[PDB]
Chemist: 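Next up is a structure, given as structure tokens.
Numbers here are sequence positions counted from 1. Atoms considered below: every heavy atom in the structure, side chains included; atoms not considered: hydrogens, waters and symmetry mates.
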Amino acid sequence: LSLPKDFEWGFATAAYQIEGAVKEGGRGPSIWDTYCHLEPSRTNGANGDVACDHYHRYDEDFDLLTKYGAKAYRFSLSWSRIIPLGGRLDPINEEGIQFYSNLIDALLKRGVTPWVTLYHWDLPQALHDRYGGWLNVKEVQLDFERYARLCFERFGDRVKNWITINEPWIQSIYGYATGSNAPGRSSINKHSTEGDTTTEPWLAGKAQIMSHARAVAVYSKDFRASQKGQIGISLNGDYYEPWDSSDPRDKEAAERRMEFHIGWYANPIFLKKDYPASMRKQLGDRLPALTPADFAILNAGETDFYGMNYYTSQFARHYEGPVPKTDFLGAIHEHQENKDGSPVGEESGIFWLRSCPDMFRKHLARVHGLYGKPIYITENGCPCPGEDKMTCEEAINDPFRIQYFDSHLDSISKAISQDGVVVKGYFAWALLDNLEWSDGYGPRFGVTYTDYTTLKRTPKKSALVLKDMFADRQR
């Protein structure tokens, strides 16, 4: 299935998942440095102190981008590497700025377009200690504004494609509702934790929304015209079909779930409107109100594209009885089989991720019709069945991942040609195997195998054929 000739495709990584050098080059600790070092571990015994040691090995990793024929590469900047304490009054770390300046030059020298994520879950620990980080909507958005502006100043003459925040739903929900991600706050966690699942996720959500708003306002007012670049945000979220398509409650539950996951952020950011009515009906005063001053900032900037992180889909079933105050999904039940027992998709290397290419197409069409923005697939990928136990020699032949790429490229092509969706790019997660956050190094999402004993990179077959697949579809 065909794809446009201007389709900008490549591979994606994230700072804490690959860099290592956590206390090198002037870097300050992030909330994941603290979370990955809890004793006993809550991250399957894994930390990112070394990870892939990309900090010392980026010449090799970027040479792989040349071997794989990528024209673009998405990576993130460690906030605490650039401003170790993170705050707008704290000193900058020129050695950290220099490191990312070197990465940008290394990519451009190889003819690879750098795509830069400002925030990828690694909030500076000092901001959490000072005022609660994302819980302090007022303070954190000011620190993020300064941080974003600094990156525009130092890198914006070279970097023309910006992503403010990666998957804010996960940072809000896993960080402050379930507490399974850093900074590990919850009131429903099996560990003794501080927090409040009834309030804190919705504070973190609004904080990330207004942090995006201030950064986009800065970029629109001072950088888009002179630097001639674009800026977006990367939203995740599964597509949901009704568990029973004949049950009206199930059809409404699937839409409500996607409103709670994506509309939460996309309504104020892309449509300049309040949270979806379904969220405000369920959450009431626990959903921090967007003020007239908040909307004034949202209306003072424009976000250029919808960044889509997509992996899997599910079935949504209606919710009976009173909805607990700790509920955050939006009063549904999640399922991977429907009323007929039909699986939502094919099993992959990790239980939550199923390959559902047909629903990915409908996902794109729905997002297009709701928010009317061009879409870049900023993340899409998978681990393969049994890959966590595979040797390097076994993992290098990955027909499952190849077929995963092929299926979802078909969905994009159909969405463009049949649904009128403007999909302008695609970034495969990931360039190489890396730290899958609290799941450890077990899940291998890379098109490159990472031996963690020697740090040797070994390309998997998908890394070599992906450029052929795009050339064929662009032929």
Side-chain angles (χ1 to χ4, degrees), residues 12-17 74-76 115 117-122 134 163-178 180-182 201-202 204-205 208-209 211-212 232-240 254-270 276 279 303 305-314 316 328-330 332 334 336 344-345 348 350-357 359-364 366-368 370-371 373 375-383 404 408 411-412 423 425-430 434 436-439 443 445:
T13 64
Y16 191 79
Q17 300 185 256
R74 169 176 181 238
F75 61 103
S76 78
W115 281 62
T117 308
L118 293 181
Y119 181 75
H120 201 119
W121 301 357
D122 44 6
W134 296 112
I163 297 161
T164 58
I165 296 174
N166 176 87
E167 305 190 3
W169 189 94
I170 298 291
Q171 181 60 88
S172 304
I173 296 300
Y174 291 175
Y176 305 90
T178 67
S180 63
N181 282 17
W202 318 113
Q208 293 175 99
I209 292 169
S211 289
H212 174 85
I233 185 173
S234 279
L235 303 183
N236 82 320
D238 303 344
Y239 187 74
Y240 292 82
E255 185 67 13
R256 177 172 64 254
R257 175 64 183 105
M258 293 181 292
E259 290 176 351
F260 265 73
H261 200 111
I262 292 172
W264 181 3
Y265 305 93
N267 273 17
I269 291 174
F270 292 118
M279 301 187 66
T303 299
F305 61 93
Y306 183 108
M308 173 172 294
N309 291 8
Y310 171 83
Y311 292 96
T312 196
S313 299
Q314 300 181 68
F328 52 83
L329 294 180
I332 77 155
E334 295 185 313
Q336 287 169 305
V344 70
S348 81
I350 193 163
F351 196 71
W352 64 262
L353 202 164
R354 307 293 161 84
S355 184
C356 322
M359 304 163 72
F360 180 40
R361 173 193 170 174
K362 313 174 63 172
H363 188 52
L364 297 166
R366 177 182 174 277
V367 166
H368 166 79
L370 279 178
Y371 312 118
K373 288 288 184 178
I375 293 178
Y376 289 91
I377 309 302
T378 49
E379 274 188 25
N380 182 241
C382 66
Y404 188 95
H408 291 70
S411 298
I412 296 173
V423 189
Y426 179 90
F427 290 86
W429 185 267
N434 58 79
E436 185 62 15
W437 301 108
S438 308
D439 292 325
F445 281 76

Chemist: The criterion is side chain to side chain contact (heavy atoms under 4.5 Å, CB included); which residues satisfy it with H368, sequence neighbours excluded?
Modeler: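 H368: side chain to side chain contact (heavy atoms under 4.5 Å, CB included) contacts with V421.
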
Chemist: Name all residues meeting the side chain to side chain contact (heavy atoms under 4.5 Å, CB included) criterion together with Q171; count only those two or more places apart in sequence or in a different chain, and write none if there are none.
Modeler: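 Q171 satisfies side chain to side chain contact (heavy atoms under 4.5 Å, CB included) with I31, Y119, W121, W134, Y176, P183, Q208 only.
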
Chemist: Tell me, do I269 and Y371 make a side-chain contact under 4.5 Å, heavy atoms counted?
Modeler: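 No, side chains not in contact.
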
Chemist: Among side-chain atoms of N380 and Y404, is any donor-acceptor pair under 3.5 angstrom?
Modeler: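 Yes, a side-chain donor-acceptor pair sits under 3.5 Å.
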
Chemist: Which atom names give the shortest non-hydrogen contact between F445 and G381, and what distance separates them?
Modeler: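 In this case the closest contact between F445 and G381 is CD2-C, 4.1 Å.
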
Chemist: Sequence neighbours left out, what passes side chain to side chain contact (heavy atoms under 4.5 Å, CB included) with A12? Give chain and number order.
Modeler: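 Listed in chain order: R74, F427, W429.
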
Chemist: Name the residue from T378, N309, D122 that meets the side chain to side chain donor-acceptor pair (under 3.5 Å) definition with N166.
Modeler: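 Per the side chain to side chain donor-acceptor pair (under 3.5 Å) rule, the option paired with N166 is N309, out of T378, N309, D122.
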
Chemist: Is the shortest side-chain heavy-atom distance between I377 and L364 below 4.5 Å?
Modeler: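 Yes; the side chains approach each other to less than 4.5 Å.
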
Chemist: Applying salt bridge (charged side-chain N to carboxylate O under 4.0 Å, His left out), name anything that partners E259, two or more places apart in sequence or on another chain.
Modeler: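 In terms of salt bridge (charged side-chain N to carboxylate O under 4.0 Å, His left out), with neighbours along the sequence ignored, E259 is linked to no residue.
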
Chemist: In Å and rounded to the nearest 0.5 Å, what is the CE to CG distance from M279 to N267?
Modeler: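 With rounding to 0.5 Å, CE (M279) is 9.0 Å from CG (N267).
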
Chemist: For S348, which residues count as a side chain to side chain contact (heavy atoms under 4.5 Å, CB included) partner, sequence neighbours excluded?
Modeler: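 By the side chain to side chain contact (heavy atoms under 4.5 Å, CB included) rule, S348 matches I350, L353, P383, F400.
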
Chemist: Can you list everything that forms a ring pair (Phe, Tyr, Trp, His ring centres under 6.0 Å) with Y239? Sequence neighbours excluded, please.
Modeler: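 Testing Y239 for ring pair (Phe, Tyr, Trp, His ring centres under 6.0 Å), a comparison that skips the adjacent residues, returns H363.
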
Chemist: Checking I375 against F305 for the side chain to side chain contact (heavy atoms under 4.5 Å, CB included) test, could you report, in this order, the C-alpha distance in whole Å, the side-chain angles of both residues, the deciding distance, and whether it holds?
Modeler: CA-CA 6 Å; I375 293 178; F305 61 93; over 6 Å; no

Chemist: Who are the side-chain hydrogen bond (donor to acceptor under 3.5 Å, both in side chains) partners of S355, not counting sequence neighbours?
Modeler: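 Partners of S355 under the side-chain hydrogen bond (donor to acceptor under 3.5 Å, both in side chains) test: none.
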
Chemist: Do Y311 and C356 touch side chain to side chain, with heavy atoms closer than 4.5 Å?
Modeler: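 The answer is no; the side chains never approach within 4.5 Å.
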
Chemist: Using side-chain heavy atoms (C-beta onward) and a distance below 4.5 Å, is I173 in contact with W264?
Modeler: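 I173 reaches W264 side chain to side chain.
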
Chemist: So which atom in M359 and which in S313 form the shortest heavy-atom distance, rounded to 0.1 Å?
Modeler: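 Taking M359 first and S313 second, the nearest heavy atoms are CE-CB, 3.4 Å.
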
Chemist: Find out whether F75 and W115 are in side-chain contact, i.e. whether some heavy atom of one side chain is under 4.5 Å from a heavy atom of the other.
Modeler: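 No - every pair of side-chain heavy atoms lies 4.5 Å or more apart.
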
Chemist: What residues form a ring pair (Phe, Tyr, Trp, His ring centres under 6.0 Å) with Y240, not counting sequence neighbours?
Modeler: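 Applying ring pair (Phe, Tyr, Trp, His ring centres under 6.0 Å) to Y240 gives none.
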
Chemist: For a quick test of reading the model, state the closest non-hydrogen atom pair linking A15 to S76 and the distance between them.
Modeler: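 Minimum heavy-atom separation between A15 and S76: N-OG, 2.8 Å.
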
Chemist: Would a 4.5 Å heavy-atom cut-off, applied to side chains only, mark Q17 and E436 as touching?
Modeler: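 Result yes, sub-4.5 Å side-chain heavy-atom pair found.
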
Chemist: Applying ring pair (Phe, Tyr, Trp, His ring centres under 6.0 Å), can you list everything that pairs with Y174, at least two apart in sequence or on another chain?
Modeler: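 Result, ring pair (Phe, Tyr, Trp, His ring centres under 6.0 Å) vs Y174: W169.
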
Chemist: Using a 3.5 Å distance criterion without hydrogens, assess whether the side chain of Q336 forms a donor-acceptor pair with backbone atoms of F351.
Modeler: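 Such a contact is found between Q336 side chain and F351 backbone.
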
Chemist: Taking atom OG1 of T164 and atom NE2 of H212, what is their separation to the nearest 0.5 Å?
Modeler: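 If we round to the nearest 0.5 Å, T164:OG1 and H212:NE2 are 4.5 Å apart.
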
Chemist: For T13, what residues pass the side-chain hydrogen bond (donor to acceptor under 3.5 Å, both in side chains) criterion, not counting sequence neighbours?
Modeler: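 Per chain and number, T13 pairs via side-chain hydrogen bond (donor to acceptor under 3.5 Å, both in side chains) with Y73.
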
Chemist: Walk me through it: do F328 and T178 pass the test side chain to side chain contact (heavy atoms under 4.5 Å, CB included)?
Modeler: CA-CA 10 Å; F328 52 83; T178 67; 3.6 Å; yes

Chemist: Does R354 have any salt bridge (charged side-chain N to carboxylate O under 4.0 Å, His left out) partners at least two apart in sequence or in another chain, and if so, which?
Modeler: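 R354 satisfies salt bridge (charged side-chain N to carboxylate O under 4.0 Å, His left out) with no other residue.
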
Chemist: Just do the side chain to side chain contact (heavy atoms under 4.5 Å, CB included) check on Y310 and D238 with the steps written out, would you?
Modeler: CA-CA 7 Å; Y310 171 83; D238 303 344; 5.6 Å; no

Chemist: Output the distance between atom OG (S234) and atom OH (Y265), rounded to the nearest 0.5 Å.
Modeler: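 Rounded to the nearest 0.5 Å, the OG-OH separation comes to 13.5 Å.
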
Chemist: Do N181 and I170 have side-chain heavy atoms sitting under 4.5 Å apart?
Modeler: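 A side-chain contact under 4.5 Å exists here.
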
Chemist: Using 30° and 60° as the class limits, which term best fits the ring planes of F260 and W202: parallel, tilted or perpendicular?
Modeler: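 Correct class here is perpendicular.
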
Chemist: First locate atom CG of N236, then atom OG1 of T312, and finally report the distance between them rounded to the nearest 0.5 Å.
Modeler: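 OG1 of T312 is found 11.5 Å from CG of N236.
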
Chemist: With sequence neighbours excluded, what pairs up with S438 under the side-chain hydrogen bond (donor to acceptor under 3.5 Å, both in side chains) test?
Modeler: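 Partners of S438 under the side-chain hydrogen bond (donor to acceptor under 3.5 Å, both in side chains) test: none.
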
Chemist: Taking atom types as modelled and ignoring hydrogens, do the side chains of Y306 and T303 form a donor-acceptor contact shorter than 3.5 angstrom?
Modeler: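 No, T303 and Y306 have no side-chain donor paired with an acceptor closer than 3.5 Å.
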
Chemist: As a quick check of understanding, evaluate side chain to side chain contact (heavy atoms under 4.5 Å, CB included) for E255 and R366, giving each step before the final call.
Modeler: CA-CA 10 Å; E255 185 67 13; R366 177 182 174 277; 2.8 Å; yes

Chemist: I'd like to check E167 versus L235 (side-chain heavy atoms, cut-off strictly below 4.5 Å). Are they in contact?
Modeler: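 Counting from C-beta outward, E167 and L235 never come under 4.5 Å.
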
